Amino acid sequence: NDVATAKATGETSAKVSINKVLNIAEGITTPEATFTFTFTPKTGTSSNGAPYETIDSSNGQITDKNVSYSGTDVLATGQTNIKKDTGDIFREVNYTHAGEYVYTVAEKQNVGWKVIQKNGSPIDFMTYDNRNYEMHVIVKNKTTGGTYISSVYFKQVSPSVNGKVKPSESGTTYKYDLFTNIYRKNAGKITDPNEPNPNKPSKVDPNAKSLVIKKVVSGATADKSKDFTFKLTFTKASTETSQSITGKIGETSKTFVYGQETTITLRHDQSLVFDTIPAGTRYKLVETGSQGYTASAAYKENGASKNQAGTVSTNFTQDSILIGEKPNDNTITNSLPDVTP
C-alpha cells in the first residue's frame, strides 16, 4: 500500500489527481491561464508478458485534463508555489478488459496567458514544463464483477530518472506534483495603480520605469549640491534567473550594475531609475544620516503609496520594502531647519 510509492486501493478503484505547481514572485497577481495534460497511449511489454494491453477504442481512453488559474488565487504569504490539482482523472473513464494500460503524460506549451502585453511588447513570461512522463495503470478484475484500478505509478522518460515518481499526499486521493511552471513578470510601474489586474486595461505602459528614487532637499539654508550617500541592497526574486539581478542596470550616467550589495550618491532633484526590472524584488535603503539633517521618505510598495520618516542626524534604514507588480517609487527628502532670526 506504499511499496515504492505507487497507488493503492482495496477492490475499489484508485483515485489520482495531478497537481500543478506554479512558481511566482511576491508582488505579482496570479494570471488567468490554463494548463493542459496529454494522455497518449504507449505500447510495449509488462512483467507478465502482456502486450501493454491498451485500447483507445472508446474503452480506456483518458481524455485530456485541465487546471485553471485566475486572479482569484493568492500565494497568501506562502511559498513561491501556488499549487492547484485536477480532480480524479479516472472519473468518467471506464475500462473493459483489464491488464496493464500505459500512457505518455505530457504538458502542451502555449496554452496560457503570457499575453499580458502592450503593442506586442510583453510584460510577463510564462515558462512551461515540457517534461515527458510515463504512467502505468494496473487494472485487475473484481472477483464477482468487472474492472477496478489496482495501482498506478509514474516514471520520467525525458530526464532518465530510474525511480518511481513519489506522491505529494498519500491517502484518499493520491496527489502527484508532476508539472511545475514559472510565471516571471517584469513589472514595477508597468502595471498602473488602478486595479486593472483581472481586466488587462489599457492601463499599462511596457516602457514605464520599474523603480524611481529621487533625492529631495528641503529648507532654505540647506545644501542642494551635497552628495548624500545611500547604501542599497536589492534582493533577487523567486522567478528570477538573473544572477543576483545581474542586469539591475539603474543608470544615472553609468550602468551601476547592482546585485545584493551596493552604495550610491545623490543631490537635490537627482534620481536613479531602474527600467523594466522584475517584480518580487525587495530592497534595503540605508542613508548615512548627515549632521543636522532629518531624513524622510514617500514611497510606493506596489501601487500603495506609503511614507516613513526617521530622526535628525540619524542614519535612515528602511527595513526591506518591496518592488512589486504595481507602481514602485521613493522620494527621499532631506530637511534642515533654517537658522532662527
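Structure determination for the deposited model, as stated in its record, used X-ray crystallography, and the stated resolution is 3.59 Å.

Draft legend 1. Structural detail: the overall build of the protein. Along the backbone of the protein there are zero helices and 20 strands. Computed over the C-alpha atoms, the radius of gyration of the protein is 28 Å, more than 25% above the 20 Å expected from 2.2 N^0.38 for a compact globule of 341 residues.

Draft legend 2. Just the packing of aromatic side chains, in detail. The interplanar angle of 80 degrees and the centroid separation of 6.1 Å between the aromatic rings of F35 and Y69 together place this pair among those described as edge-to-face. Of this pair, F35 sits in strand β2 (residues 33-41) while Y69 sits in strand β3 (residues 65-69), placing them 34 residues apart in sequence. Ring geometry for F35 and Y128: centres 5.8 Å apart, planes at 75 degrees, overall edge-to-face. Taken as a pair, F35 in strand β2 and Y128 in the loop between β8 (124-127) and β9 (132-141) lie far apart in primary sequence, 93 residues in all.

Draft legend 3. Layout of the sheet that holds β2. Strands sit in the order β3-β2-β5-β9-β10 across an open sheet of five strands; the sheet is antiparallel. In this open sheet, the two strands that pair with only one neighbour each are β3 and β10 (147-156). Neighbouring strand axes in the sheet, compared pairwise and without regard to direction, differ in orientation by 25 degrees on average. Taken together, the nine bridges between β9 and β10 define a ladder with antiparallel strand orientation. Paired with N141 across the two strands is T147, which belongs to β10.

Draft legend 4. Seen up close, the side chain of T5. Within the element layout of this structure, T5 appears in the segment before β1 (16-23). For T5, the side chain forms a polar contact with the main-chain oxygen of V165, separated by 3.2 Å.

Draft legend 5. Looking closely at the pairing of β2. Both β2 and β3 contribute to a ladder of five bridges, which runs antiparallel. Considered in β3, the bridge of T34 is made with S68. In this sheet, strand β5 (residues 99-107) lies alongside β2 in antiparallel orientation, the contact comprising five bridges. Looking across to β5, one finds that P41 is bridged to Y103.

Draft legend 6. A look at the environment of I89. As for its placement among the helices and strands, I89 is situated in the loop between β4 (82-85) and β5. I89 sits 41 residues away from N130 along the chain, and the two C-alpha atoms are 20 Å apart. Ignoring sequence-local partners within four residues, the contact set of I89 consists of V16, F39, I62, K65 and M135.

Draft legend 7. Inspection of the sheet that holds β1 at higher detail. Read from one edge to the other, the open sheet built from four strands follows the order β4-β1-β11-β8, with strand pairing classed as mixed. Among the strands making up the open sheet, the edge pair consists of β4 and β8. Shown here is a sheet whose adjacent strand axes are inclined to one another by a mean of 25 degrees, direction ignored. Relative to strand β11 (residues 174-185), β8 is paired through four bridges, and the arrangement is antiparallel. Bridge pairing in β11 links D124 to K185.

Draft legend 8. Broad picture of the pairing of strand β17 (residues 294-301). Examined bridge by bridge, β17 and strand β18 (residues 304-312) share seven bridges and lie antiparallel to one another. Paired with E301 across the strands is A304, a residue of β18.

Draft legend 9. The arrangement of the environment of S151 in detail. Along the chain, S151 turns up in strand β10. Along the backbone, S151 and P31 are 120 residues apart, and their C-alpha atoms lie at a distance of 35 Å. Aside from chain neighbours lying at most four places away, what touches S151 is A6, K7, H136, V137 and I138.

Draft legend 10. Representation of the pattern of salt bridges in the model. In this structure, the salt-bridge partner of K84 is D73, at a minimum N-O distance of 2.9 Å. In this pair, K84 is assigned in strand β4 and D73 in the loop between β3 and β4, connecting sequence segments eleven residues apart. A salt bridge links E287 to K215; the shortest N-O distance between them is 3.2 Å. A residue pair is termed long-range when its members are at least 10 positions apart, and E287 in strand β16 (residues 281-287) and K215 in strand β12 (residues 209-218) qualify at 72 residues.

Draft legend 11. Broad picture of the domain arrangement of the protein. One can read the domain layout of the protein as domain 1 (1-188) and domain 2 (189-341). Placing the centre of domain 1 and that of domain 2 at their C-alpha centroids yields a distance of 43 Å. For the side of domain 1 that touches domain 2, the element with the most residues is β11, which contributes four residues. Looking at the side of domain 1 that touches domain 2 residue by residue, the class counts come to ten nonpolar, seven polar and five charged.

Draft legend 12. Quick peek at unusual backbone geometry. At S58, a position not held by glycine, the phi torsion is positive, near 75 degrees. Along the chain, the position of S58 falls in the loop between β2 and β3.

Draft legend 13. Here's a closer look at the side chain of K65. Relative to the elements of secondary structure, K65 occurs in strand β3. For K65, the side chain forms a polar contact with the main-chain oxygen of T63, separated by 2.7 Å.

Criteria and thresholds
Residues numbered from 1 in each chain as written, not as in the entry; some residues may be left out. Heavy atoms only, no water. Residues with missing side-chain atoms left out of burial classes, pairs and counts. Helix = DSSP H or I, 4+ residues; strand = E, 2+ residues; numbered from the N terminus. Rg over C-alpha atoms; globule rule 2.2 N^0.38 Å. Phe/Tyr/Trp six-rings, centres within 6.5 Å; stacked < 30°, edge-to-face > 60°. Pairing = 2+ DSSP bridges. Axes fitted to C-alpha atoms, helices over the stretch in contact; angles between N-to-C directions. Polar contact = N/O pair within 3.5 Å; in protein donor to acceptor, adjacent residues only side chain to side chain. Contact = heavy atoms within 4.5 Å. Salt bridge = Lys/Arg side-chain N within 4 Å of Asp/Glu carboxyl O. Domains from an automatic or database assignment. Nonpolar A, V, L, I, M, F, W, Y, C, P; charged D, E, K, R; others polar.

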